[PDB]
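Heads up: the structure comes next, in structure tokens.
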Amino acid sequence: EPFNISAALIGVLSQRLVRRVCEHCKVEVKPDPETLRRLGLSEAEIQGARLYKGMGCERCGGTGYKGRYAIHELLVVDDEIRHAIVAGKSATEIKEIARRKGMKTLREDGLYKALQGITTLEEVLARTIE
Amino acid sequence: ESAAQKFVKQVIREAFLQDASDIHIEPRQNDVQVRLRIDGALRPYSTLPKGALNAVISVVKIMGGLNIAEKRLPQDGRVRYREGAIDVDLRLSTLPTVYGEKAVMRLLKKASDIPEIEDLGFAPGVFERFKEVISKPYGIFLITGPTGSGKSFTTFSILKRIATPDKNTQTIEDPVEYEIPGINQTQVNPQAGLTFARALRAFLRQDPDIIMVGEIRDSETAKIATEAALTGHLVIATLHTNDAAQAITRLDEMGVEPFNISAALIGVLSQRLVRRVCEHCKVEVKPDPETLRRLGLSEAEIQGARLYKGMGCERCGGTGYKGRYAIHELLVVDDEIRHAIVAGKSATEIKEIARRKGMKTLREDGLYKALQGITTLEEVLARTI
Amino acid sequence: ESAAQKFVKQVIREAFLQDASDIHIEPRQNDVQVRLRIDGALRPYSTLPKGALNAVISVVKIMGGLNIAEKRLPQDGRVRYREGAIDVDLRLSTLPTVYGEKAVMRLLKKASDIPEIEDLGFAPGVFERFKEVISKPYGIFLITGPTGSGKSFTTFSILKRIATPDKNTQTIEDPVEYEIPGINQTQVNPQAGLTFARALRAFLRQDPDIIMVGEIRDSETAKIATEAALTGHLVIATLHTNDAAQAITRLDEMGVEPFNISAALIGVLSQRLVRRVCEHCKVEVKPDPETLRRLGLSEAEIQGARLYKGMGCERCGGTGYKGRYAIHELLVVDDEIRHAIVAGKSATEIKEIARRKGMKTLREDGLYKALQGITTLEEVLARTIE
Ligand SMILES: Nc1ncnc2c1ncn2[C@@H]1O[C@H](COP(=O)(O)OP(=O)(O)OP(=O)(O)O)[C@@H](O)[C@H]1O
Ligand SMILES: Nc1ncnc2c1ncn2[C@@H]1O[C@H](COP(=O)(O)OP(=O)(O)OP(=O)(O)O)[C@@H](O)[C@H]1O
Ligand SMILES: [Cl-]
Ligand SMILES: [Cl-]
Ligand SMILES: [Cl-]
Ligand SMILES: [Cl-]
Ligand SMILES: [Mg+2]
Ligand SMILES: [Mg+2]
Ligand SMILES: [Zn+2]
Ligand SMILES: [Zn+2]
Ligand SMILES: [Zn+2]
């Protein structure tokens, strides 16, 4: 029952595993500002932003990767979401409500960690096609 | 029924010897017309008396394993024909018309008919760029054009060269055409729910290196195909667009975000087939410089320009043509194009960048082959509207 | 020999000689009314006494091999009527009404009646755009209009020019109405399961070049037909929409993805039939210059314009009109209409784009043809809108 869902659900965690850039052949790439822009990054943020990949070396196969790392989407339920569940708004509407109140999406989270060299942007984009 | 049998045998044998692709057995008001498709156009073969219709349809239904009793509904099946040196599979389709059932027999090509890339007909410079693209370790490479323009030949030509025993090569096809050895093939089976998208999702758990998507018809398939490339697989996939740049806009329209296209797409090959001028009745013709101008020929080039046509002789069935030839437009994605995609530029804007970067258009490629007498100018303009 | 036989024979004769499409034999409270439909409108033909009804209804039923005893249920059939020099196929319907059974006989046109595209009635500028559209090697071309506005005539006129013997032309029709030689024709068969969509899907295994879809009326037929255009065949299909641009939005509403419509649609023909001024009672009239301005014409078109209308003579049964003439609205898809389709723009906005790029509206084509004394202002406003 939606009213039982509204009363009980405290949060939803969605996650993905991305491949982790090898530490020993890691290298910078100049990102396209437009890519970052269309990924919802602020123009202040763009100024510094650098991205990374693994050129491939003995320590990582040829792959440029070693290990995996998680990316997260954390929907914390408040009165507004509870209200939206009761009403019956769609998964897409709840998602925009939760995003407005400050929830980061998988791809936003993935991009952030890509901007620190944990993963490539390609890994992120791979994991986040809805 | 033996005279029927006798006729099916001879028409199949003749189509095979003449390189016909399709046999049409068409009941009309008073007779049964029989036509062969050769080089894409239909010719008259013969005429049967209307009384012969059922005997022939019967022979052909049995050959395909179809139901003689069913004449109100369409039917299709496959024919494994063996008769001397002639060894050919046929897709067989029967269809109710106002004057009885019409049968169509498509001759299926084999792996042995698939050329190496060096015999695909690429012009010198474009061929080197093509070798480049198909050799990249991951990304999505799109082959686009209307039906019967050689897409599958090019597709399996590429796999013949890059699908090596150290890779897992996997296809999804509708239906599987050639049994290529060294390559895993899976058929779309809608009666069971195995659609293009369903297979494509399964492929991602099959540890692929190379994936071939026979057809990207829906938005789901476009997205999983792009996820495959972004994951680090090489993807050969087929789309229906009129030129190369329009493949980029079609992925956007189907719901692939430009930043995904930009990260995944390595290149687009648009192609067509043009009929080949009969060597036996070839005649030089003098071009219309108004035409050559309007097609962008520098007056330096227009001065030495010769064009050609087949007069039409017995060797080409009075058509002026024998065989077909391919024309290409290869768009290779580089950094400038990657930027154009994320900046949201149109198909027309993307093409102008590609051209300035050296891509010859379909018309330009065909013009250059017509200037050698491989095809007529008319045939080039008819496939590039 | 009997009076009923003689009346039926006579009224079909009159229908044939006057190009009537339908004969209506209607029981009324104290007599029987017979009307002919000529140039789309009913006109009186004759009156019979109530006592003549069952004899005349029997003659019709026997012709179509219907059941004379069954009078409480509707029946329908066909007869090939042959009398004197006349050889016409007729559709026969009988229906219970409160004063007896009503009969309707429709006179069916033949392949011989299909005109070449040059005589379809196209205005000079639109006819060049028309043949360029039908000349494309693949894509879907939609022909739209209410019943009896000439969709089938236009459709098969096109196929008479383009269905050449180097191509395989295949139709699906409900039913097949003409014997066109050179093309392959298939009739939907409800009893068998041979629906529109079921036959369309089979055509994809029949090596076609031109596919004719008689009716797009369900979502599956709309999706397959657009699919066949996209893969690389020429598709000529009929739709019921009030408008050229509405055919685009209709496909969308019917579930065809807008990106496939943008990719496959080459154009949309909307058409109507208007009545032609009878020559033998044709007379000039003077129009209000104002009434032409309020209809949209500029002052240069008003300056030369002379109007006409028929007074009413025996040749035209007093209507002022004999025969009909088509008026057209031709939407040719270009890049800008493609972007509007992908962008989800409305029918209204798409219409504006088509017009700015040179599409003549139905009314505008109508008025043009009125200023040539082909039809009246009357008829143009009757059969069109803003
Ligand atoms: N490079 C080429 N040169 C000459 N002929 C070719 C070439 N490629 C294909 N053909 C001929 O064209 C026919 C059709 O080619 P193919 O099946 O590749 O077209 P397609 O675009 O895959 O068609 P469909 O749209 O039905 O899948 C082939 O059987 C062969 O006869
Ligand atoms: N271009 C034309 N000019 C004049 N009259 C025409 C024209 N086209 C058709 N007609 C007349 O209109 C009649 C009906 O035409 P047609 O069957 O093409 O209409 P339709 O719109 O397909 O009707 P239906 O609703 O039965 O499918 C024809 O029998 C012919 O008499
Ligand atoms: Cl995952
Ligand atoms: Cl039929
Ligand atoms: Cl082609
Ligand atoms: Cl009308
Ligand atoms: Mg193919
Ligand atoms: Mg009709
Ligand atoms: Zn490394
Ligand atoms: Zn020759
Ligand atoms: Zn008159």
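Ordering of the structure tokens sets the chain letters (A, B, ...), residue numbers begin anew at 1 in every chain, and ligands are numbered from 1 in the order given.
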
Inset, instruction - Within 7 Å of ligand 4, which residues show up when you count only C-alpha atoms and all ligand atoms? List them as a list in words, please. - result: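 Going residue by residue within 7 Å of ligand 4, we get residues 96, 97 and 98 of chain B; 185, 186, 187 and 188 of chain C.
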
Next, the residues of the selection above should be written as a PDB file, in the first residue's frame with C-alpha atoms.
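Okay, this is what ended up in out_22.pdb:
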```
ATOM      1  CA  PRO B  96      -2.296 -14.700 -51.498  1.00  0.00           C
ATOM      2  CA  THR B  97      -3.137 -12.288 -54.344  1.00  0.00           C
ATOM      3  CA  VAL B  98      -6.358 -11.687 -56.250  1.00  0.00           C
TER       4      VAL B  98
ATOM      5  CA  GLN C 185      -2.762  -6.861 -55.190  1.00  0.00           C
ATOM      6  CA  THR C 186      -3.912  -8.543 -52.000  1.00  0.00           C
ATOM      7  CA  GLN C 187      -7.222  -8.211 -50.172  1.00  0.00           C
ATOM      8  CA  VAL C 188      -7.413  -8.164 -46.393  1.00  0.00           C
TER       9      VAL C 188
END
```

Inset, instruction - Apply DSSP to the backbone of this structure and, from segment 115-211 of chain B, keep only the residues in strand (DSSP E); write these as a PyMOL selection string. - result: chain B and resi 139-144+169-173+184-187+210-211

Leaving out residue 324 of chain C and any residue of its chain fewer than 6 positions from it, which residues lie within 8 Å of it when counting only C-alpha atoms, given as a short mmCIF file (atom, residue, chain, number, x, y, z; two decimals) with N, CA, C and O atoms, in the first residue's frame?
```
data_model
loop_
_atom_site.label_atom_id
_atom_site.label_comp_id
_atom_site.auth_asym_id
_atom_site.auth_seq_id
_atom_site.Cartn_x
_atom_site.Cartn_y
_atom_site.Cartn_z
N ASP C 39 -22.28 14.03 -58.58
CA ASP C 39 -21.28 14.99 -58.09
C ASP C 39 -21.36 15.15 -56.57
O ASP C 39 -21.23 16.26 -56.03
N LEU C 273 -12.94 16.91 -53.22
CA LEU C 273 -13.62 17.08 -54.50
C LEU C 273 -14.64 18.21 -54.40
O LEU C 273 -15.47 18.24 -53.47
N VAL C 274 -14.58 19.14 -55.36
CA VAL C 274 -15.53 20.23 -55.47
C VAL C 274 -16.29 20.08 -56.77
O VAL C 274 -15.83 19.45 -57.73
N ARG C 275 -17.46 20.70 -56.82
CA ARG C 275 -18.26 20.57 -58.03
C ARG C 275 -17.83 21.59 -59.08
O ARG C 275 -17.45 22.73 -58.75
N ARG C 276 -17.84 21.15 -60.34
CA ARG C 276 -17.51 21.96 -61.52
C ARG C 276 -18.73 22.70 -62.05
O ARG C 276 -19.79 22.11 -62.25
#
```

Inset, instruction - Rank B:225, B:281, B:204, B:123 by their smallest atom-to-atom distance to ligand 3, using only C-alpha atoms and all ligand atoms, and report the top residue only. - result: B:204

Legend entry - For residue 63 of chain A: contacts at 12 Å, only C-alpha atoms, fewer than 2 positions along chain excluded, given as a ChimeraX atom specification: /A:19-26,53-61,65-67,120 /B:137,231-232

Inset, instruction - Find the spatial neighbours of residue 34 of chain A, counting only C-alpha atoms, within a cut-off of 12 Å - ignore same-chain residues fewer than 4 positions away - and output them as a list in words. - result: residues 30, 38, 39, 40, 41, 42, 43, 46 and 47 of chain A; 258, 259, 262, 338, 339, 340, 341, 342, 343 and 344 of chain B

Inset, instruction - Using only C-alpha atoms and all ligand atoms, pick whichever of C:345, C:282, C:240, C:272 has the shortest atom-to-atom distance to ligand 11. - result: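 The shortest atom-to-atom distance to ligand 11 comes from C:282.
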